[PDB]
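Reckoned from all heavy atoms, side chains included, excluding hydrogens, waters and symmetry mates. Sequence lines set the chain letters: A, B, ... in the order given, protein chains first and strands last, and positions in each chain run from 1.
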Amino acid sequence: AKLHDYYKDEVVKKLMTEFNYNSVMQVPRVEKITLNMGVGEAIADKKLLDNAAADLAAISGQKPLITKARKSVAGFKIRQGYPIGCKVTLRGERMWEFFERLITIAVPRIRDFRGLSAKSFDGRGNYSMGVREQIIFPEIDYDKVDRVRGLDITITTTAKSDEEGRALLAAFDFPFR
Amino acid sequence: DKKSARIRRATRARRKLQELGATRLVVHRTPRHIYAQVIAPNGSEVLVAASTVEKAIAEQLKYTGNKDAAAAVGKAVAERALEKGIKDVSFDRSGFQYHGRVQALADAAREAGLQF
Amino acid sequence: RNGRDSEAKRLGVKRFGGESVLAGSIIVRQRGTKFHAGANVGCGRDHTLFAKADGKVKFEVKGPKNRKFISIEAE
Amino acid sequence: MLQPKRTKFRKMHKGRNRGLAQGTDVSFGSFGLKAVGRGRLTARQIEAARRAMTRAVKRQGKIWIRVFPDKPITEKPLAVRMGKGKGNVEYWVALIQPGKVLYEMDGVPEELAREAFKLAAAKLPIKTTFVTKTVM
Amino acid sequence: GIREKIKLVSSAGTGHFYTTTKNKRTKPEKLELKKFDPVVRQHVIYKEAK
RNA sequence: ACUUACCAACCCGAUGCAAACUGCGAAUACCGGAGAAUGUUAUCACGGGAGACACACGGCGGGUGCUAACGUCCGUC
RNA sequence: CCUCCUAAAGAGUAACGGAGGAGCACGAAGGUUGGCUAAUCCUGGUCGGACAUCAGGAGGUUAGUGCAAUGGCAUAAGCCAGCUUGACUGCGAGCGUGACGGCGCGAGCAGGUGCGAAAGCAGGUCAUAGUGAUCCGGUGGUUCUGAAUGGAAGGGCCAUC
RNA sequence: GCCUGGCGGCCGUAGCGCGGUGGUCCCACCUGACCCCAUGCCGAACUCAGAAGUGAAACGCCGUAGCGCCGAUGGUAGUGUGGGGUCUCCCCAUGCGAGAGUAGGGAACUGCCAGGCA
Ligand SMILES: [Mg+2]
Ligand SMILES: [Mg+2]
Ligand SMILES: [Mg+2]
Ligand SMILES: [Mg+2]
Ligand SMILES: [Mg+2]
Ligand SMILES: [Mg+2]
Ligand SMILES: [Mg+2]
Ligand SMILES: [Mg+2]
Ligand SMILES: [Mg+2]
Ligand SMILES: [Mg+2]
Ligand SMILES: [Mg+2]
């Protein structure tokens, strides 16, 4: 919501000038945020994953996408077709709205917050952090839990380098140790 | 790959209209404009065309690139086609769905007397 | 352990270049589209190319893959 | 005793051994042993010539073997009649054509190298000849 | 092999039947398909799977 | 975690091999068309009568065997 | 019976030659419309291991094909979904392959259907294996025949076992 | 005449790559999404309504032989016919003659219709 307009009004100015760009559309703009939960253990019982799918759907507005395994890997006894995950891809408003619901409301709730990394930037300008317990996000109630499954988040961008990739998130109050 | 994706999506119908030896009314669509050519079976020569990037029919449109602009181009190209003597053609959506602007263009040419 | 074989299928080209075929005439018996069908050539279920028109067999290489095509030119 | 680690098929047709060789120039060393004649070189033969090479030269220089016995040869054992399937692989040969460099050597003078190959050549069933590296 | 031969029987009272095969252990329901009957010369629902 | 006289794939450069390898590729042979000379229609079709279906050596190309056999199995002359 | 090699660049071609498969499966894994495009490695990321899932990148089919191998396959024949029964009936120009029996390919026609806005596609499945002559019977259909005549029996014909 | 777009021919001397370059128009991203239609989540794609903004991405054009690609001449190999030998392999006469490679080329060419600046 605000971070769309605060991106336009404020964050673009900071990046437009401190990277000495020559056109507005050069400025790295967030395209999508993907929330993923490699479910793993759930290959025994189907229910373990659907508890995790509803877990994903409370964090975000929209409902998730029960993935498959694409192939067979006997190292964890899986096969082409059996679900081994679930995800969401957030774009437009819910993307930004999630971004406020995370940076300002969940990012303030870590066990011994020591800062945050700046090396999980993927080498082409996309950040991903992954957390360890579902409850950190507000819409997961602390009492309605059955097992502690974290997830993985990936802020993808129209950036090129991890350099300006940092510049964008650094100009969003995003934590960096 | 949005460009190439459409061209590969259009190939089977296009290649099939070659083998059937049928003049095909091609349609090109852009977020602004809409286009239409009646192309001979060799694929290498237009007979008749109409489009919103003109002036003869673009002043009569609120915005080029809507279902009513398409209808104009659709009604236009059929009229131009029926002067030259061209009545039986095959529609080539060229990888766009037959849903809105294309369906508008194709539905108008039908009423104007093009057999498809 | 090594004494079996299949009866031979008599595949390959039956009508060569410039050969005047009637419609229906099989031109190639093949496994797959080693040759593809061109003008007035049909591709059957077993992928054999046959003539749809009376005329002259014409082999040609066409397209961005340099695929081998067969057509009948009406004489 | 050289042999393929794995092969696509166990048994190979007899084939024929026509033509001039490929691998006709010295490519890795200064000196080499070149075949003049034609015929099969068995793996035992290649190891024996190599054994004699490396002893005529004592820990001196480097030796390359340019041939590989990749062709399996079969033999019906004694007292088997004709037929009843193809025989069992008994040894591995390299087919040799006139011109093939068989071994190469550097790190030693020529004169020691002429002597090393002469001893190795006595182990082989093919006429050979000493040869040197050539520029362009 | 496993799969067993069946006759698909015309509902048009003609007596005309097709023949095909079915796996009975899997898909144990009655195969119902619309098929051309050449006595009344129409497409017609056929019904049987043994 | 430090190293390791052992080992080390992928990639790069160089060197070869292949009946069941081919990003190349002949000569020949085969199909078809045209044209001339040439040849006792040498061609095809239908019909009457058959015999024959143990082959052999040689050359070429090969399998098999030992590129052994006046050996064995194909192709072609 | 199928595939490759032997097999000598048309076909065909033998050995107690070399190597592998088949005796099925499928009412969807078939038809059609619409849509999509792999393997593998790299970088980074919760439980994560060298390999689950996510994102990008390089890669360009080094994958995939219900099952061998070969030839094919991006206009995909490969993955997904929607609607469906053309896995239609009668025929069939003409070809191919066979000593024959036979096997195979097949536009197009008639009738009726499905998909699709339409052009069109569909007479089973990417193809090539997945099979068994005749006799004797069985079942259903069909008033063809019906040993004086009317019927019936049996026979024939069509479909199938 | 120059620029753009659509359709083709041709199918790498046509491709990748690299460096530069273009926004009147066209094209691209782009803005928004009650309704049409859509996501096995997502207006990302499909799609409809639009035109503030940018030519960043893409695309196109221009340039540059790092690569791919094309590619002689000559020789080499093989081979039909005939002949011959020291015959598991070769040679001779004649005809056909590669592949690899070398020099070298090479930053496609061309058509139809449309539009736009001149
Ligand atoms: Mg006999
Ligand atoms: Mg005999
Ligand atoms: Mg004989
Ligand atoms: Mg004999
Ligand atoms: Mg052959
Ligand atoms: Mg031959
Ligand atoms: Mg019909
Ligand atoms: Mg199949
Ligand atoms: Mg009866
Ligand atoms: Mg009586
Ligand atoms: Mg009676």
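The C1'-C2'-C3'-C4' torsion of F/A18 is positive, which assigns its sugar to the north, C3'-endo side. Here G/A29 counts as south. Its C1'-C2'-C3'-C4' torsion is negative. At G/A68 the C1'-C2'-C3'-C4' dihedral is positive, so the sugar adopts a north, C3'-endo-type conformation.
Taking the P atoms as reference points, G/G71 lies 25 Å from G/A38, given to the whole Å. Taking the P atoms as reference points, G/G31 lies 14 Å from G/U128, given to the whole Å. Atom name P, nucleotides H/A33 and H/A56: the rounded distance is 28 Å, in whole Å. The separation of H/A65 from H/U94, taken at their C1' atoms, amounts to 46 Å, rounded to a whole angstrom. The gap from the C1' atom of G/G23 to that of G/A129 amounts to 9 Å, rounded to the nearest Å. Between the P atoms of H/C25 and H/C113, the separation comes to 26 Å (whole Å). Here, F/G58 and G/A19 have their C1' atoms 35 Å apart, quoted to the whole Å.
For the atom pair CG (D/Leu41) and NZ (D/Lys71), the distance works out to 14.0 Å, reported to the nearest 0.5 Å.
Judged by distance alone, the side chain of B/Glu54 and the main-chain N or O of B/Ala50 form no donor-acceptor pair under 3.5 Å.
When heavy atoms are screened at a 4.0 angstrom cut-off, A/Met95 is found touching no nucleic acid atom at all. Using a 4.0 Å heavy-atom distance criterion, B/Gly43 is classed as a base contact. Residue-level contact check: E/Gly1 touches the backbone only, with heavy atoms under 4.0 Å from sugar-phosphate atoms and none from bases. Within 4.0 Å (heavy atoms only), B/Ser44 reaches at least one base atom of the nucleic acid. Contact annotation for D/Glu75: backbone-only contact, meaning every heavy-atom pair under 4.0 Å involves sugar-phosphate atoms and none involves a base. At the heavy-atom level, D/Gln22 lies under 4.0 Å from the strands shown only through sugar-phosphate atoms. Within the 4.0 angstrom heavy-atom criterion, only backbone atoms of the sugar-phosphate kind lie near C/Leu11; the bases stay farther away. Nucleic acid contact for C/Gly42: none, since no nucleic acid atom lies under 4.0 Å from a heavy atom of the residue. If you check every strand for non-hydrogen atoms under 4.0 Å, C/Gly44 touches sugar and phosphate atoms only. Counting any heavy atom pair closer than 4.0 Å across all strands shown, C/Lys9 reaches sugar-phosphate atoms only and no base atom.
Atom NE2 in C/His36 sits about 6 Å away from atom P in G/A74, given to the nearest Å. One can place CG of B/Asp1 at 12 Å from P of G/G56, the figure rounded to the nearest angstrom. Atoms CD1 (D/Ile73) and P (G/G18) sit 16 Å apart, rounded to a whole Å. Between A/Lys87 atom NZ and H/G40 atom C1' the separation is 11 Å, expressed in whole Å. In this structure, CG of B/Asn42 is placed 11 Å from P of H/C10, rounded to the nearest angstrom. Protein atom CG of B/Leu105 is 12 Å distant from nucleotide atom P of H/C48, rounded to whole Å.
The side chain of B/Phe91 has G/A117 as its nearest neighbour among H/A49, G/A117, G/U46.
In this pair, C/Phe16 does not lay its aromatic ring on the base of G/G10; centres under 5.5 Å and planes under 30 degrees do not both hold. Both stacking criteria are satisfied for A/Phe76 over the base of G/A52: a centre-to-centre distance under 5.5 angstrom and an angle between ring planes under 30 degrees.
A close approach under 4.0 Å does not occur between any side-chain nitrogen or oxygen of D/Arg81 and OP1 or OP2 of G/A15. Not one side-chain nitrogen or oxygen of D/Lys86 sits closer than 4.0 Å to the OP1 or OP2 atom of G/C16. Note on B/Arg14: a side-chain N or O is less than 4.0 Å away from OP1 or OP2 of H/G8. Not one side-chain nitrogen or oxygen of C/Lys34 sits closer than 4.0 Å to the OP1 or OP2 atom of G/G71. Remark: B/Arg93 is in phosphate contact with G/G35, judged by side-chain N or O atoms under 4.0 Å from OP1 or OP2. Residue E/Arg41 has no polar side-chain atom (N or O) positioned under 4.0 Å from OP1 or OP2 of G/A110. Applying the 4.0 Å criterion to OP1 and OP2 of G/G10, one finds that C/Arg15 has every side-chain N and O outside that range. For E/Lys27, a side-chain nitrogen or oxygen approaches OP1 or OP2 of G/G27 to under 4.0 Å. Of the side-chain N and O atoms in B/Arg9, one or more sit less than 4.0 angstrom from OP1 or OP2 of G/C36.
In the interface, the side chain of C/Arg4 is paired with the base of G/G20 through a donor and an acceptor atom under 3.5 Å apart. At a cut-off of 3.5 angstrom, the base of H/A51 holds at least one donor-acceptor pair with the side chain of B/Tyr63. Counting atom types as modelled, A/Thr67 pairs no side-chain N or O with a base atom of G/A52 as donor and acceptor under 3.5 Å. Within 3.5 Å, no donor on the side chain of A/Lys71 pairs with an acceptor on the base of G/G64, nor the reverse. Not a single donor-acceptor pair, N or O on each side, falls under 3.5 Å between the base of H/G115 and the side chain of B/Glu54. For G/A52, the base has no donor-acceptor partner in the side chain of A/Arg70 [N/O atoms by modelled type, under 3.5 angstrom]. On a pure distance criterion of 3.5 Å, a polar donor-acceptor pair joins the side chain of E/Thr20 and the base of G/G27. Applying the 3.5 Å distance criterion, the base of G/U53 shares a donor-acceptor pair with the side chain of A/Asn36. At a cut-off of 3.5 angstrom, the base of G/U75 holds at least one donor-acceptor pair with the side chain of B/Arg15. Between the side chain of C/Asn2 and the base of G/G17, no donor-acceptor pair under 3.5 Å is found. Counting distance only, with no hydrogens placed and no angle test, the side-chain atoms of D/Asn17 and the base atoms of H/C89 include no donor-acceptor pair under 3.5 Å. With hydrogens and angles ignored, a donor-acceptor pair closer than 3.5 Å exists between the side chain of D/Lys14 and the base of F/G65.
For G/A28, the base adopts the syn conformation, since its glycosidic angle falls within 90 degrees of zero. Glycosidic torsion of G/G27 falls within 90° of 0, placing the base in syn. Classification of F/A18 as anti follows from a glycosidic angle more than 90° from 0. Using a 90° window around 0 for the glycosidic torsion, H/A14 falls inside it and is classed as syn.
Ring geometry, B/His28 versus B/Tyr35: the interplanar angle falls from 30° to 60°, so the pair is classed tilted.
Contact check for C/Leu11 versus C/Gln30: no side-chain heavy atoms found under the 4.5 Å cut-off.
Summarising the base pairing, H/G95 is matched to H/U79 through a Watson-Crick or G-U wobble pair whose two defining distances lie under 3.5 Å.
Two residues, B/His99 and D/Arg38, neighbour RNA chain H, and the one matched to the more 5' nucleotide by heavy-atom proximity is B/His99.
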Evaluate B/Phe91 against B/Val102 for side-chain contact (heavy atoms from CB on, under 4.5 Å), listing each step before the verdict.
CA-CA 10 Å; B/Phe91 199 80; B/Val102 174; 3.4 Å; yes
For a quick check, with a 4.0 angstrom heavy-atom cut-off, what is the B/S/- contact string for nucleotides 25-30 of chain H, read 5' to 3'?
-SSSS-
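Looking at C/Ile27, C/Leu22, C/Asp54 one by one, the single match for side chain to side chain contact (heavy atoms under 4.5 Å, CB included) with C/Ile72 turns out to be C/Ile27.
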